[PDB]
Amino acid sequence: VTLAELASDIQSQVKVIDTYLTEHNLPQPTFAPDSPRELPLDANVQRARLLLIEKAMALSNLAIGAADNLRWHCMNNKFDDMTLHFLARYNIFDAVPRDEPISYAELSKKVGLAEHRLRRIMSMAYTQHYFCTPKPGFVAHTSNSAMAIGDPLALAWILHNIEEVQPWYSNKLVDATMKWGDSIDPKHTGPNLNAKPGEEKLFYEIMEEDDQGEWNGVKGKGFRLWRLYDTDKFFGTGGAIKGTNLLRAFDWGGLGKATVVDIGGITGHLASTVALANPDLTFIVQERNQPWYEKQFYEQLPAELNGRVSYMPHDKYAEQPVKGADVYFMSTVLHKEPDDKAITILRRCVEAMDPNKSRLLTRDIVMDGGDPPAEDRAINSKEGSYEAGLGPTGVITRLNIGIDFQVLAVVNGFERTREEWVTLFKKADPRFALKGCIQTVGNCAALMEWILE
Amino acid sequence: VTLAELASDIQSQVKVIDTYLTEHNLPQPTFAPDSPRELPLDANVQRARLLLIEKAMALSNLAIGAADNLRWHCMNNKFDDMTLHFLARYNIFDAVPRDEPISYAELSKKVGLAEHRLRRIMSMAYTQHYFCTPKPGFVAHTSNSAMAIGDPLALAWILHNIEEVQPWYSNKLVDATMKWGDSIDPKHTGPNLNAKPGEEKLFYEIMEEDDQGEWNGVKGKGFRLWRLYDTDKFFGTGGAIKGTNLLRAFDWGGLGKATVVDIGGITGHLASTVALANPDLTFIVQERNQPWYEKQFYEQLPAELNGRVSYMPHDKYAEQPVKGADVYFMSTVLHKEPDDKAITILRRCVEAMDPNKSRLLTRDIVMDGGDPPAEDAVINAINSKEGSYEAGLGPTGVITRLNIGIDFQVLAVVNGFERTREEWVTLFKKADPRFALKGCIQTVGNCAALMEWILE
Ligand code: NA
């Protein structure tokens, strides 16, 4: 592929998006804070967006060239993360007004970072389109930075990765691999490289036990786990894996008056998203209890739900106490479970299921891709062997791998192909059949519907 | 700016590059291993390339959108580094043949990484155009990965950043800032957050003292410093800051038979690059000695030089023992020196200089940009300028990005900093009021300028 071919590909994809926008009289994405945060969910628009991203990234890579790529990457990449670190820890997103500029001097005063160093940090942020400088000596927001204003969930994501995942786990993965090999034991992770036998610590033990700190309403014990729950919420409130995409991936309204048991449902935020849009559904959120859990669960719970979403403490490996529910639902649970543990959970579900009335729904990455929702005969040419966003340089592929590495790093988890999912479920119970595997375009996760035939 | 406007700007820049390659019958860059590793040095080509990178990065960013940029960035960015970590530590660049594919099973066996985990690691590499999979179950190189084959300097750069700068310094910089503020003390860095007073460890102390390891022919004491010297050579052998760019930024041949004193010259590799191209030049490489230094200095030295490049142990802060040399030269020395220490070094140079015969040459980042070489105007057509910045500079310029990356690298390890042209002039004039900036030459595509100083 050449620079000219990439450019031409880019032109075609932009034309599809630009046409849609203008046809529907929709505002154009820009770097201004008032810009739309995403493009339309129309499947053709999203396919063009995903291809556009991939091509643009290839074009920048090709123009940098082989001599400079490795050289520049190991120089700069780490500093984009560091810049974020500063931005979060000094609360700079909130300190810059959303719609007015602020001088470096007054920004400095507000956040307590000396003006010289502040200037340096901001300068790196600008090159990734986080903030901009509209006039000498002044800072203003961009669309990318403005979305973090007033959002602790965004800061949670920044900090969890930079202060936990990367120094404790991903920086150490090579060493962990050389020590324990290709293991699926969650104890064979970075923090235990020099631990004595029996003194190993699990990621989720560290999260729920550490008491030296505070986060967003939770002080002391488990503040890191609470921040982790905020990260989970961050991926449900916007973007690629947002909760409202669940509504297009399964006919929740067709269940009528029904109960959904949400196994490993975190703080029930995803359950609430489905229940708010589907007034006839009742949700039982099953999760491991914590000293602050019930307090935060009911503070978050929308009163509009009128109690249709409730919390039931539960061990996902134990007998399932709700029998014959319409739906047993697990969102991004099983990709942290090796086959034997996944089978245990699945068999607990099977025992409680009525085979002629219960479904088991899972939301997880399907590494080779799910099917588009029904609502969505190709007209303009498809590329290569893969759907848009997938393939070895696809941007959804990239997201899939990033999540694969995220669970590999903290618990030695892994993502699975569709074939691997069907094989695992059939090992849990031979009656299991995959009825639907729906991946909305732009999403990395599929909603899989399983029944026992 | 909109996606259509970025797409239109991209077309304009690609047209410049594409037309030049066709009209000069030059091979196109591709991701194949046989691709050219860079574009031509022609200034118009490099200006279009730098703009092209900037516009394409803006386009991918805008198309990802505000909702997904930060979500995806904090997920994926760290794993591009971790991918390289695995590739370097398992020696995978050398294990994949340059021009043939290799199966995952065979590669797994060659490097001792289980096939299931190997496939995962390689899959992330592919997304950044490091390696590719030409057929199911097989791995092959790309241009980006093939440049590291047989090159320990490339692996030195990966491992120095991922196993030292990032975990010891960059990830702790917020904490260092909260403890010591905007300090210029090299002791006020990540490793010393809990150090007792007087027991702080300097970066260069750790580099030269640690003896628990080995790198590329140096075992034991100073292996990390040896690896750091390999990374310095890595930036001289190719790409933006390569040593041969020095040859176009100053008239070295115009010096005639002359001596250049290379203060803080690492292992003399940059001195050798200029000496090879200029047979009448003698270089004295002045550097702090190490137990392995002289052995490695002479092993590496090209015999073609016939001894014109020599090593003289020297403390850059001490009196300059070579008097009246034609050139006193410092390449990327002063950006690790706060004003007071830089002034000490410069005044040592002054005392040794003959004001009517000696020059002081420095190569360093000029944050707001130097001037193009003489030849550019000669080789060049009627260009018009738009906007406030030369191509590559400005708040989203990719040379600006580079400049800042280096600024942060020295901030992290020694609390160093890069300077503007005005700040360089002010600094030199404080060292000695006679100092005058004669030339400040930045080749297009380079982030560093070669500055010529004289005492008037
Ligand atoms: Na549970």
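The coordinates are above.
These lines cover the structure that appears in this document, whether it is placed above or below. (Residues numbered from 1 in each chain as written, not as in the entry; some residues may be left out. Chains lettered and ligands numbered in written order. Heavy atoms only, no water.)

## Some thoughts on the overall build of chain A
Phase 1: A count of helices and strands for chain A gives 16 helices and 11 strands.
Phase 2: For chain A, the C-alpha atoms occupy an extent of roughly 65 × 60 × 50 Å along the three principal directions.
Phase 3: The 453 residues of chain A split such that 59% are buried.
Phase 4: By element, 49% of the accessible surface of chain A is carried by carbon and sulfur atoms, the whole surface being about 18100 Å².
Phase 5: The distance from the centre of the 49 positive side-chain charges to the centre of the 61 negative ones in chain A is 2 Å. (Helix = DSSP H or I, 4+ residues; strand = E, 2+ residues; numbered from the N terminus. Buried < 20%, exposed > 50% of the residue type's maximum accessible area, 1.4 Å probe, protein only. Areas by Shrake-Rupley, 256 points an atom, 1.4 Å probe, with all protein chains shown as cover. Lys, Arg positive; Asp, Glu negative; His and termini not counted. Charge placed at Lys NZ, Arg CZ, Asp CG, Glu CD.)

## Observations concerning the overall build of chain B
Phase 1: Counting its regular elements, chain B contains 18 helices and 11 strands.
Phase 2: A compact globule built from 456 residues would reach a C-alpha radius of gyration of about 23 Å, and chain B, at 23 Å, matches this within 12%.
Phase 3: Projected onto the principal axes, the alpha-carbon positions of chain B cover approximately 65 × 60 × 50 Å.
Phase 4: Out of the 456 residues in chain B, the part that is buried amounts to 59%.
Phase 5: In the form shown here, chain B has an accessible surface area of approximately 18100 Å², with 51% of it arising from carbon and sulfur atoms.
Phase 6: If the 48 positive side-chain charges of chain B are averaged to one point and the 61 negative ones to another, these points end up 3 Å apart. (Rg over C-alpha atoms; globule rule 2.2 N^0.38 Å.)

## Concerning the interface of chain B and chain A
How big an interface is tends to be expressed through the accessible area that disappears when the partners come together.
Phase 1: With 109 residues of chain B in contact, the opposing surface of chain A contributes 108 residues.
Phase 2: Between chain B and chain A, the buried area comes to about 10600 Å², and carbon and sulfur atoms account for 64% of it.
Phase 3: At the surface where chain B touches chain A, the tally comes to 10 salt bridges.
Phase 4: Residues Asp404 of chain A and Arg120 of chain B are paired through a salt bridge, measuring 2.8 Å at the closest nitrogen-oxygen approach.
Phase 5: At 22 residues, helix α3 (residues 66-89) of chain B tops the list of elements feeding residues into the side of chain B that touches chain A.
Phase 6: Here the side of chain B that touches chain A is built from residues that sort into 56 nonpolar, 37 polar and 16 charged. (Contact = heavy atoms within 4.5 Å. Buried area = accessible area lost by both parts, 1.4 Å probe. Salt bridge = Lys/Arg side-chain N within 4 Å of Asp/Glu carboxyl O. Nonpolar A, V, L, I, M, F, W, Y, C, P; charged D, E, K, R; others polar.)

## As for the nonpolar core
Phase 1: Core analysis: the biggest nonpolar cluster contains 243 residues, and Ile92, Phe131 and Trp252 of chain A together with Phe131 and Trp252 of chain B have the highest contact counts within it.
Phase 2: At 21 residues, the largest contribution of residues to this core is made by helix α2 (residues 43-89) of chain A.
Phase 3: Residue contacts for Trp252 of chain B: discarding those within four places in its chain leaves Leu246, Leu247, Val260, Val274, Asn278, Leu281, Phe283, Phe329, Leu361 and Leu450 of chain B. (Core = buried A, V, L, I, M, F, W, Y, C linked by side-chain atoms within 4.5 Å.)

## Quick notes on the pairing of strand β9 (residues 359-365) of chain A
If a strand is regular, its side chains alternate between the two faces of the sheet.
All names here are of chain A.
Phase 1: By the criterion of burial, β9 is predominantly enclosed, with 6 of the 7 residues buried.
Phase 2: Bridge count for strand β8 (residues 327-331) against β9 is 5 bridges, and the pairing is parallel. Among the inter-strand pairings, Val327 is bridged to a residue of β9, identified as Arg359.
Phase 3: Note that the unit made of β8, helix α14 (residues 339-352) and β9 has a crossover that is right-handed.
Phase 4: By the bridge criterion, 6 bridges tie β9 to strand β11 (residues 445-452) in an arrangement that is antiparallel. Note that in β11 the partner of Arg363 across the bridge is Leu447. (Pairing = 2+ DSSP bridges. Right-handed = clockwise from strand over helix to strand, strands pointing away.)

## A closer look at the sheet that holds β9 of chain A
All names here are of chain A.
Phase 1: The sheet built from 7 strands is open, its strands ordered β7-β6-β5-β8-β9-β11-β10 with mixed pairing. Each edge of the open sheet carries a strand with a single partner, namely β7 (309-313) and β10 (432-438). Averaged over all neighbouring strand pairs, the angle between strand axes comes to 25 degrees, with direction disregarded.
Phase 2: Relative to β11, β10 is paired through 6 bridges, and the arrangement is antiparallel. In the sheet register, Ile438 faces β11, and the bridge partner there is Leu447. (Axes fitted to C-alpha atoms, helices over the stretch in contact; angles between N-to-C directions.)

## Some remarks on the sheet that holds strand β6 (residues 281-287) of chain B
Residues and elements named next belong to chain B.
Phase 1: One open sheet holds the 7 strands; their spatial order is β7-β6-β5-β8-β9-β11-β10, and the pairing between them is mixed. Where the open sheet ends on each side, the last strands, each with one partner, are β7 (309-313) and β10 (435-441). The sheet shows a mean angle of 25 degrees between the axes of neighbouring strands, taken without regard to direction.
Phase 2: Looking at chain direction, β6 and β7 are connected through 5 bridges and run parallel. Its bridge partner lying in β7, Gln286 is registered against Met312.
Phase 3: The sheet contacts of helix α15 (residues 339-352) involve β5 (258-263), β8 (327-331), β9 (359-365), β10 and β11 (448-455), and relative to β8 the element is tilted by about 165 degrees.

## Section: the side chain of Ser108 of chain A
Residues and elements named next belong to chain A.
Phase 1: Along the chain, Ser108 falls in helix α4 (residues 104-111).
Phase 2: Taking relative accessible area as the criterion, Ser108 reaches 12% and is therefore assigned buried.
Phase 3: With near-sequence residues (within four places) excluded, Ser108 lies in contact with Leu113, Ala114, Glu115 and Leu118.

## A closer look at the packing of aromatic side chains
Phase 1: In this structure the tally under the stated criterion is 40 aromatic pairs over all chains.
Phase 2: Between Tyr293 of chain A and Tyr311 of chain A, the ring centres sit 4.4 Å apart and the planes meet at 45 degrees, which makes this aromatic pair tilted. Here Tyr293 of chain A is found in helix α13 (residues 293-300), whereas its partner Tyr311 of chain A is found in strand β7, with 18 residues between them in sequence.
Phase 3: A relative accessible area of 1% places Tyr293 of chain A in the buried class.
Phase 4: Between the aromatic rings of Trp252 of chain B and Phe329 of chain B, the centroid separation amounts to 5.8 Å while the plane-to-plane angle is 80 degrees, which identifies the pairing as edge-to-face. Here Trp252 of chain B is found in the loop between α12 (246-249) and β5, whereas its partner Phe329 of chain B is found in strand β8, with 77 residues between them in sequence. For the pair formed by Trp252 of chain B and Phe329 of chain B, the shared burial category is buried.
Phase 5: One aromatic cluster in this structure is built from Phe250, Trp252, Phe283 and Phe329 of chain A. (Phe/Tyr/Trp six-rings, centres within 6.5 Å; stacked < 30°, edge-to-face > 60°.)

## As for the packing of helix α8 (residues 173-180) of chain A against α3 of chain B
Phase 1: Running from N to C, α8 of chain A and α3 of chain B cross one another at 45 degrees; their axes reach a closest spacing of 9 Å. Here α8 of chain A is positioned oblique relative to α3 of chain B, judged by the angle of their axes. Facing α8 of chain A, whose interface residues are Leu173, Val174, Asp175, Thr177 and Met178 of chain A, α3 of chain B presents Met82, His85, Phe86 and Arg89 of chain B. (Parallel < 35°, antiparallel > 145°, perpendicular 65-115°, else oblique.)

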